[PDB]
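K.L.:
Just dropping in an experimental structure and the matching sequence.
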Amino acid sequence: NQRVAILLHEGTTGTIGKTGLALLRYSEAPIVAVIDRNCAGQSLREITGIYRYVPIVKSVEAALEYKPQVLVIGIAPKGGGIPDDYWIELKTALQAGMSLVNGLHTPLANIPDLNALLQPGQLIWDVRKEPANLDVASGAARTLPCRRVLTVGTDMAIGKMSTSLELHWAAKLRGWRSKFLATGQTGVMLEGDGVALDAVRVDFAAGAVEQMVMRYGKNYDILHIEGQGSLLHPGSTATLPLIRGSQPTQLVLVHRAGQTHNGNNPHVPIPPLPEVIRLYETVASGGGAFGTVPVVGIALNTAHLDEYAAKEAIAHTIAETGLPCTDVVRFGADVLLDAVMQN
Amino acid sequence: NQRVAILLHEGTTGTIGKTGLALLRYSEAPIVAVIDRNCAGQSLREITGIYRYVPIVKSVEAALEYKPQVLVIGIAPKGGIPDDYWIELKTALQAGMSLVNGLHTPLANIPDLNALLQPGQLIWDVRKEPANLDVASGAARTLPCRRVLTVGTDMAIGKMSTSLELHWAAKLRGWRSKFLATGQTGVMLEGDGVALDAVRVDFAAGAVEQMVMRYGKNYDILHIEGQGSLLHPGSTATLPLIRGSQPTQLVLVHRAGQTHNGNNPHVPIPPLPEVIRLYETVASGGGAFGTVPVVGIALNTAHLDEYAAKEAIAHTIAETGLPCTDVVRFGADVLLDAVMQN
């Protein structure tokens, strides 16, 4: 219910605002300002392609005019803790009587310089803080009656969350009791609950997923677990606990049409999709330790292509893999929901 | 060089003391007392099989008689710090000892304990995540050394033992060999390394990478201690180990005759060739990374007599076609050769 200002300097049209743009694309909260000095006065729709109006202002001070109650950090430096230029914006929000939402790995709630400026009633939320009372997972989710669908990917930042959400909205539209489960800071900021898995200690990672899945599993027909990471990314781990903790019934593989190498580490290739499907299936079944878990279809991210090319790419992916496929954001999720439902 | 007392309440013959029992089995430090209420006055050899003589006493206070200088927490509850641990810790600190803490809950910045700490003593939180980690980038692939990672069909089966024996066999042969600890026990035994299970998921591969890069240009072969198992439903650690170290060879560890997971009996252990395919597939990423073979099988035959162990080894060879032996029982040379000829 609180009016939001999103700190988004250099991230509206740049590369560091993934969180902020995701919030602008999906949050039902009343977002009253986008803070980006590079885009002040510009049209959010024209420069991002998101169908929403929010004034873009030069700074937190310029945002005050819109009376925001919470400043949400929507940018993150390429592996760089807290940049020196952030503090001024953070402190300005605090002195104005605002609360702070922080999705970064570095916690801000116990920094004296910020606590001193935090006015009564206001709070600083470190979204990545590990949930309490985690234990080791035991595969208990396999016992649940609901379907458990995990989005997996050929790389990170390709639409895994978008796919889980679109699949959730399609199941809801068709009359199923559906629930979306957040597994990253953005997802948790959107839903207001879940777990930022990449900040959980290795020992408790699977348990963090299991715990959330056991909390809602008996109350829904289908759970849509937000994917994270990739087994093709050399620095990623989070896919394993997602699979182990959730004991998925079906997998949906997300992939950006035409991508042949990891984005962060361009030397690492993306194998052909049939090989990627085999990899995930083998991991999900544990070579026989767990039940067979199929990749039921492919969610192809074609946003960079014209409609004609997008359709060809979809057609090519089906021919290559022999599985159902579409761009769920672009053309709808029913093709993949059906694939999930008739498994 | 410091005299060690191991806090091992309920862990000498129960299930929570894997760490202390491994220190008793492998530590070159002079261990002067095992602390366990359940086994005070009993024979360590008779109740555990381990050969070194160490008196088992009722408490830290009863251990003082043996002049211990360091209290090592060799137990972990299934939970943070149980209420019955506090007296034991304070008693050791007041008596001028250091504390070596392998629990997930850090003890070095607790006012009450820190106040009891004397000059020249410390409280070491072994599970503290290392500073300034980055997300891994496959940098280990550029190192000229061999990077051998032990993997397994379950946890607590001898992955660390296998890594150690291969390391010790390599050192004997004159090669520049280095053992890399990846858990609390191995870090205590080596004094350095990383407690992987306490690292945040995002930086886990990077914690392994960082360590491998430190020692990779100065040795011919690194022995990365294995953790977890891809067959265990709660285990995550094996992936970051594979990703961060970019291993050249894998050595699969398996307890002879084990058909199902220990902690979760409903979960079966598939035929070894299927386990091998799983590990090899994960290691290659289906083509994203180089082909990494499981070159041999380290079989834990401890629970069997020699005849049944030799035969179990032979069955594994017949079933997998790979070199195999029990390294802790018949020498590591079989598997070291399998590593070196790949």
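P.N.:
Happy to help now that I have it. Numbering: from 1, shown residues only, chains lettered A, B, ... in the order given.
K.L.:
For chain B, what is the nearest residue in the stretch 1-150 of chain A?
P.N.:
residue A:139 (3.5 Å; Cβ to the nearest Cβ). To be clear about C-beta, it is placed using only N, CA and C from the backbone, and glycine gets the same treatment.
K.L.:
May I have the distance across stretch A:47-63, first residue to last?
P.N.:
19 Å (Cα to Cα, to the nearest Å).
K.L.:
Distance of the residue lying closest to residue A:226 once chain neighbours are set aside relative to residue B:135?
P.N.:
Spatially, and ignoring its direct neighbours in sequence, residue A:226 is nearest to residue A:183 (4.3 Å; Cβ to Cβ, 6 or more residues apart in numbering or on different chains). Separation of residue A:183 from residue B:135 (Cβ to Cβ, to the nearest Å) stands at 17 Å.
K.L.:
the more surrounded of the two?
P.N.:
residue A:183 (31 against 20; other Cβ atoms under 10 Å in any protein chain shown).
K.L.:
Hmm, that one is touching residue A:227, no?
P.N.:
Yes. Residue A:183 lies in contact with residue A:227 (Cβ atoms under 8 Å); the separation is 7.3 Å.
K.L.:
list residues touching both of these two?
P.N.:
residue A:242 (Cβ atoms under 8 Å, 6 or more residues apart in numbering or on different chains).
K.L.:
So the closest residue to the residue of the stretch 1-150 of chain A closest to chain B other than its chain neighbours: helix, strand or coil?
P.N.:
Closest residue to residue A:139 apart from its sequence neighbours, by Cβ to Cβ, 6+ apart: residue B:233 at 3.5 Å. Classification of residue B:233 using DSSP: H, G, I helix; E, B strand; the rest coil returns coil.
K.L.:
For residue B:233, grab phi and psi.
P.N.:
phi -60, psi -20 (degrees, to the nearest 10).
K.L.:
got the contact list for it?
P.N.:
Residue B:233 makes contact with A:137, A:138, A:139, A:206, A:244, A:247, A:289, A:290, B:261, B:264, B:267 under the criterion Cβ under 8 Å, 6+ apart.
K.L.:
cutoff 10 Å now
P.N.:
A:136-142, A:206, A:210, A:243-245, A:247, A:286, A:289-290, B:261, B:263-264, B:266-267 (Cβ atoms under 10 Å, 6 or more residues apart in numbering or on different chains).
K.L.:
gap between stretch A:131-139 and the chain center?
P.N.:
22 Å (Cα atoms, centre = their mean, to the nearest Å).
K.L.:
For that stretch, C-alpha coordinates in PDB please.
P.N.:
Extracted as PDB, the C-alpha positions of stretch A:131-139 are listed here (Å, rounded to 0.1, in the frame of the first residue of the first chain):
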ATOM      1  CA  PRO A 131      15.000 -17.100   6.700                       C
ATOM      2  CA  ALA A 132      15.100 -18.300  10.300                       C
ATOM      3  CA  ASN A 133      14.800 -21.900  11.500                       C
ATOM      4  CA  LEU A 134      16.100 -23.600   8.400                       C
ATOM      5  CA  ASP A 135      17.000 -27.300   8.500                       C
ATOM      6  CA  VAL A 136      18.500 -29.800   6.000                       C
ATOM      7  CA  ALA A 137      16.000 -30.900   3.300                       C
ATOM      8  CA  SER A 138      14.800 -34.500   3.100                       C
ATOM      9  CA  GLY A 139      12.800 -34.600  -0.200                       C
END
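K.L.:
can you list the domains in chain A?
P.N.:
Here the domain parsing of chain A from curated CATH domains is A:1-129, A:130-343.
K.L.:
quick one: terminal-to-terminal distance for the longest one?
P.N.:
Taking Cα to Cα, domain A:130-343 runs 34 Å from one end to the other.
K.L.:
What of the first one?
P.N.:
Domain A:1-129 stretches 23 Å from its first residue to its last (Cα to Cα).
K.L.:
cool, and stretch A:84-104?
P.N.:
Counting by Cα to Cα, the terminal residues of stretch A:84-104 are separated by 14 Å.
K.L.:
Can you pull up the most central residue in chain A?
P.N.:
For chain A, the residue nearest the mean C-alpha position is residue A:161 (4.4 Å; Cα atoms, centre = their mean).
K.L.:
ok, so what distance separates that residue from chain B?
P.N.:
16 Å (Cβ to the nearest Cβ, to the nearest Å).
K.L.:
just residue A:256 next, same as before
P.N.:
15 Å.
K.L.:
I'd like to know the beta-bridge partner residues of that residue.
P.N.:
Each beta-bridge partner of residue A:256 is listed here: residue A:301, as defined by DSSP bridges.
K.L.:
Which residue is most remote from the mean position of chain A?
P.N.:
Most peripheral residue of chain A (Cα atoms, centre = their mean): residue A:116, 32.4 Å.
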